[PDB]
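Hydrogens, waters and symmetry mates are skipped; everything else that's a heavy atom, side chains included, is used. Indexing begins at 1, ligand by ligand and atom by atom, following the structure's order. By convention in this document, chain letters (A, B, ...) are assigned in the order of the sequence lines, proteins followed by strands, and residues within each chain are numbered from 1.
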Amino acid sequence: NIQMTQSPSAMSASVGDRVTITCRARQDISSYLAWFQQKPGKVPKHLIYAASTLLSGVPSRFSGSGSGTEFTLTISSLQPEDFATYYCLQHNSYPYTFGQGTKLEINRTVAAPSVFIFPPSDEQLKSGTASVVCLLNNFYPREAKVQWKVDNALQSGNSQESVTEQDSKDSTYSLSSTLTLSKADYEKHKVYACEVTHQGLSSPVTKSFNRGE
Amino acid sequence: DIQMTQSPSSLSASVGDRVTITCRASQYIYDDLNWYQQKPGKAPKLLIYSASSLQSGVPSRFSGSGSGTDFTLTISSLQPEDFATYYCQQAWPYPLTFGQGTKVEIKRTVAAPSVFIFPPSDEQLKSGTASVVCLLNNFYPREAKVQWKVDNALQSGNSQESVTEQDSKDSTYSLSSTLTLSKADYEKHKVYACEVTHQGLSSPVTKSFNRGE
Amino acid sequence: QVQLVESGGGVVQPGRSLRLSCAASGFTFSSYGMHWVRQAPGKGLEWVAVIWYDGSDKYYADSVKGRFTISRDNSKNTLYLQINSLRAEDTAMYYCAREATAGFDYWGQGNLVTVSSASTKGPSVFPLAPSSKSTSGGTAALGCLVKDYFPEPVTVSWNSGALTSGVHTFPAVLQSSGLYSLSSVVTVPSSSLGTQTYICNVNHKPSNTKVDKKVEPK
Amino acid sequence: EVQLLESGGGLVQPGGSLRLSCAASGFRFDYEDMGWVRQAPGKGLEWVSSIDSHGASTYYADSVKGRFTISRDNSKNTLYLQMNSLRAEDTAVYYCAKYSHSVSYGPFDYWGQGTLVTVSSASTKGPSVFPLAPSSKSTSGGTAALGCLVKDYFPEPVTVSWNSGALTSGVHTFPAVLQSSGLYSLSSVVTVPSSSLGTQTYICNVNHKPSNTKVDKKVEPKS
Amino acid sequence: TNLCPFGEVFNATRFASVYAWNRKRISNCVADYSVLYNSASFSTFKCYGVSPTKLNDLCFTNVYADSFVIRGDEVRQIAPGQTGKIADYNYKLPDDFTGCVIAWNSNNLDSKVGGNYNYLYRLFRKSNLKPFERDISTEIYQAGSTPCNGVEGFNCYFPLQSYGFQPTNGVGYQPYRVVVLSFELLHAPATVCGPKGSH
Ligand SMILES: *[C@@H]1O[C@H](CO)[C@@H](O)[C@H](O)[C@H]1NC(C)=O
Ligand SMILES: *[C@@H]1O[C@H](CO)[C@@H](O)[C@H](O)[C@H]1NC(C)=O
């Protein structure tokens with residue numbers, strides 16, 4: 001096994017910045033180093049082989065460099081659609097080996113979330129369960145604190161968060177949080193609130209409803 | 001200069017046999033002797049160089065030996081694709097020379113010819129010449145005596161023979177003997193006979209026709 | 001059109017066997033070597049194996065040698081990966097990839113293999129109804145909650161494909177129960193709520209669940 | 001792939017002249033030493049001439065010294081053999097060949113296909129194709145023989161097939177014989193079931209490219 | 001009846017690429033070896049199976065002068081039982097080698113401003129050369145699982161690479177002319193003798 005090591009594991013850069021990602025091989029692999037791009041929810045895309053040869057269709061801002069044990073992938077003018085995980089692979093000798101990957105995120109200006117709330121459906125309430133959903137739409141940076149408050153009581157252990165991967169065009173994120181209570185526990189309280197803290201919000205924003213809608 | 005005597009000029013062998021061909025040079029030529037194979041209608045193919053070196057891609061059952069003036073080519077375990085003509089070749093000094101070749105043919109059982117006689121067509125006679133054709137079909141071994149008799153008069157000087165290569169399927173030979181006469185000399189005689197003697201016949205076979213029938 | 005369509009994955013119990021297929025069409029399959037690559041969930045790419053164009057030479061990663069065997073049938077135009085003695089480390093998306101002079105230029109879409117002793121559970125599908133608490137400006141949000149299923153994956157479309165813009169189908173998250181849940185939301189013009197109906201189409205093939213839920217305002 | 005392709009062969013009158021070419025490809029020509037080897041019809045190989053990579057040294061067999069000149073053009077990847085004062089005994093297939101190492105060590109490892117050179121007073125002429133009709137006295141229900149006599153053509157080669165290629169088994173196309181007239185003659189025969197003579201037709205197809213002659217002839221039973 | 005034509009080999013106006021290395025037979029002549037070694041203008045002069053001082057006292061048979069250009073760091077490979085791109089893929093000496101390897105620096109001649117890319121070497125081959133084999137083919141080398149069919153691309157390599165000798169190269173990356181003299185010890189009528197050689 002020729003061990004492959006990439007650095008850094010993750011990074012951010014602004015649109016138009018120059019980005020370099022490093023791949024190190026534990027043995028000399030001459031110039032037999034490939035680069036791949038994987039956007040969340042898509043097949044890997046082969047970008048470069050033999051350290052520096054671009055595959056057809058790869059934009060000009062992508063470039064490859066190196067020989068021996070030290071290789072770089074350079075993006076000379078980072079575009080929002082370049083958000084991805086990038087992998088190196090030595091094709092010097094079998095078995096072919098991948099490095100562990102570098103996740104590349106786009107730094108952009110601060111954008112505040114739009115906060116929506118969704119009370120449980122009659123279908124789920126009839127099933128014996130209540131799920132409230134808080135949606136935060138199209139924000140940056142990724143860090144956002146969503147807190148659930150039932151009658152001003154901070155919940156924990158009964159909620160769940162999912163965050164979209166960075167958007168390919170505008171580089172924002174969306175977040176959904178589900179608070180799940182039993183129907184019985186749900187009907188013991190009135191005010192169901194979602195309180196979101198985000199760098200683009202002057203002070204925490206609260207979206208709430210009363211169980212008797 | 002330097003003469004090269006290759007012997008034998010032909011030999012018959014069976015798949016599996018060990019075949020040795022010899023080459024004698026008139027002067028001392030160290031290891032500067034090469035060996036080629038040639039099949040009907042194709043270019044020669046290098047088998048061995050510098051007396052004993054096997055050319056890349058050539059099976060190891062071919063082996064070369066000898067030095068000074070006497071050289072041998074050895075095919076251990078003859079394969080079906082090995083039946084062909086072989087040539088030695090002096091490589092130094094100039095002028096170069098080849099041996100006269102050894103044809104390695106395949107053995108099979110004695111087989112008697114089928115004999116056919118063909119009188120000249122009426123078209124050819126109209127053109128003013130007559131070819132009588134005698135055919136010996138599928139026989140073995142190659143040696144065959146074909147004797148034309150025109151009204152019991154043995155002929156000579158007016159016939160030509162041609163022999164196919166060994167058939168790829170039954171390993172036999174076929175021979176054609178053409179007696180060529182002018183129209184006037186042809187229509188001056190009555191009985192045209194082809195007499196064939198061959199190892200596979202207990203007594204000579206005669207095919208004949210009488211002009212007119 | 002070059003197409004590599006994979007099949008043969010799904011839930012499997014530890015220690016049993018599986019055989020993944022990659023059916024090739026749109027090119028001369030016997031003229032190209034083929035590779036298998038996999039990716040455990042949330043983890044990096046992993047090179048699995050390669051087979052020569054004619055079926056002769058084969059090579060394996062160290063972690064799979066002796067347990068995996070790569071094979072191919074050039075008359076059926078099909079590549080195979082046989083996996084015996086399935087363990088937890090084998091849970092992954094598996095991809096086939098053609099090797100060409102242009103590179104690894106064509107990949108199959110991926111086939112998920114889940115090594116589990118647990119029973120498959122199809123999801124419940126609940127509407128996220130639009131209301132004044134989900135509109136802002138000319139925009140309203142509505143969606144579908146796809147709750148309590150195992151294993152992955154779930155697919156969600158809107159209006160059988162017709163509705164595509166403004167759709168966020170969130171990545172599934174594990175719950176404390178060990179079952180997955182995801183939500184799919186769409187933002188539409190707030191005015192269009194009274195004139196357009198919105199139906200989410202959820203498919204969970206492991207449990208053969210297909211559900212179309214109409215999302216009506218409230 | 002290393003390739004050597006000869007051209008310039010054909011028919012030439014005694015005393016005449018012909019220049020053969022060999023086009024090389026698939027390797028750096030100016031690194032290799034080259035030669036010419038020839039083969040008369042039905043006879044062995046005969047080394048003709050050799051040249052080293054830059055033409056500084058040339059070598060000739062006694063049988064061609066003074067009449068043949070070997071040369072090369074490395075910019076055009078081409079080997080030349082200028083043949084003057086051609087004689088009948090110069091009729092042969094001419095093979096271009098390459099030394100594996102150099103003129104002073106090693107064999108010819110790569111050979112061309114060869115071009116035929118014919119030295120003769122004769123003039124190009126298509127064959128007369130006559131029928132060798134099957135015997136009326138052929139075995140009850142056994143085997144019969146029929147054929148075609150391809151007479152008085154020049155120069156070689158001629159090709160013969162039967163029923164445009166449909167009939168293959170039992171076909172013998174004999175080596176041509178050079179007649180005293182300086183023209184060539186050969187026969188093509190085939191054995192067929194005696195019972196098939198009334199039913200199936202037999203046509204021999206003769207092609208003489210040097211004269212653009214394509215003859216078909218139906219060989220039919222006797223009266 | 002001749003003095004051996006060592007000037008034609010050593011002072012040759014052009015040198016071959018190592019992959020298409022040049023072989024000149026030397027026969028029917030008297031070789032003064034001492035005029036080469038005593039005129040020591042050579043960075044390398046190592047013999048195998050004989051001693052350089054006893055060469056003028058010897059008679060040989062089957063004497064060959066192979067010659068080519070390589071890099072300084074590759075001269076090490078022109079020796080019995082070596083490994084590397086040159087020895088494996090371009091020029092391989094037998095382990096039983098009897099002969100002398102001679103080499104000198106040719107930067108003055110084989111380097112040009114902007115690079116001299118005329119000299120080539122073989123970088124890939126399906127197997128190692130047998131001793132004294134010579135491979136001049138240019139077929140695309142298939143390094144992967146898909147046959148190249150004469151197309152260069154991913155894992156499909158032109159088998160030859162240029163050296164690119166530039167005058168400012170480091171000494172190990174500078175061109176060296178190499179001449180290998182191959183002898184066979186006397187067991188047949190002698191073809192080449194030193195000035196004081198015994199038949
Ligand atoms: C993005 O850039 C701003 C300033 O340009 C910086 O303060 C912030 O830390 C950056 N974020 C990341 C993730 O690099
Ligand atoms: C090369 O030429 C010089 C004179 O220009 C001469 O002194 C030297 O001996 C020659 N080398 C050989 C090997 O003949």
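Distance screen at 4.0 Å: atom 4 (C) of ligand 1 has no protein heavy-atom neighbour inside the cut-off. Remark: atom 1 (C) of ligand 2 lies closer than 4.0 Å to at least one protein heavy atom.
In the model, C:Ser184 has a side-chain atom that pairs as donor or acceptor with a side-chain atom of C:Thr169 under 3.5 Å. E:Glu74 and E:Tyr163 share a donor-acceptor pair across their side chains, judged by distance under 3.5 Å alone.
Protein heavy atom closest to atom 13 (C) of ligand 1, with residue, atom name and distance, is A:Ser12 OG, 3.8 Å. Closest to atom 6 (C) of ligand 2 among all protein heavy atoms lies E:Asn11 ND2, 4.2 Å. Ranking the protein heavy atoms by distance from atom 14 (O) of ligand 2 puts E:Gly7 CA, 3.3 Å first.
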- Show your reasoning for whether ring pair (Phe, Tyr, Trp, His ring centres under 6.0 Å) applies to A:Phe98 and A:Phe36. CA-CA 10 Å; A:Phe98 279 110; A:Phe36 300 82; 5.5 Å; yes
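The shortest heavy-atom contact between E:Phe15 and E:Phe68 is CD2-O, 3.5 Å.
Between A:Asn107 and ligand 1, an N or O atom pair is found at a separation short of 3.5 Å.
Interatomic distance, CG of A:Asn107 versus OG of A:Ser12, reported as 6.0 Å (0.5 Å rounding).
The aromatic rings of A:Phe139 and A:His198 lie perpendicular to each other, with more than 60° between the two planes, well past the 30° mark.
Listed by number with element, the atoms of ligand 2 under 4.0 angstrom from any heavy atom of E:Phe10 are 13 (C).
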